[PDB]
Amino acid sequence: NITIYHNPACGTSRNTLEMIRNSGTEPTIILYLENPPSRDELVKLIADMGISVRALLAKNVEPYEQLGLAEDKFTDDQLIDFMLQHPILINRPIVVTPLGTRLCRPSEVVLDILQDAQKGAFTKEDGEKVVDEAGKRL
């Protein structure tokens, strides 16, 4: 039972999706920019990811820049509500499986929560080797 909050225009997100698929399951794909999680869902996701709210914030996007989010003047809940109101602020990809939830940055973090091993070697789209045919992480 796998869900990925995906951005098809992001290489990290594409590589993570192809590793989910190479473990033998097709995930539910949520295009978070157009359908972001709700507030309770977002809070849960963050809790399950084990990271700070601030660590999920994408920098180098318009709302982060124009809202001055780089400055330490925001509570966690203010940052969560900015994420709900401006979903491009949610970094990507977020993957949820029966084993847990992770911000998969870098993409191979997803190997921690995939239940089934990669079915064969996996090489990222830019040629970076991740797992060899034997299944060893490179």
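Residue numbers run from 1 along the displayed sequence.
Between 47-55 and 107-115, name whichever shows the higher mean Cα B factor according to the PDB entry. That would be 47-55.
Once you work out the mean C-alpha B-factor for both 22-30 and 37-45 from the entry, which is higher? Result of the comparison: 37-45.
Looking at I90, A70, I94, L99, which has the biggest Cα B factor in the entry? Each of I90, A70, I94, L99 was compared by C-alpha B-factor; the highest is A70.
Grab the CA temperature factor for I2 from the record and place it in the lowest, middle or highest third of its chain. Its C-alpha B-factor belongs to the middle third of this chain's values.
Rank-wise, by C-alpha B-factor, drop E62 into the lowest, middle or highest third of its chain. Middle third, going by the recorded CA B-factors of the chain.
Third assignment of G127 from its chain's C-alpha B-factors: It belongs to the middle third of the chain when residues are ordered by C-alpha B-factor.
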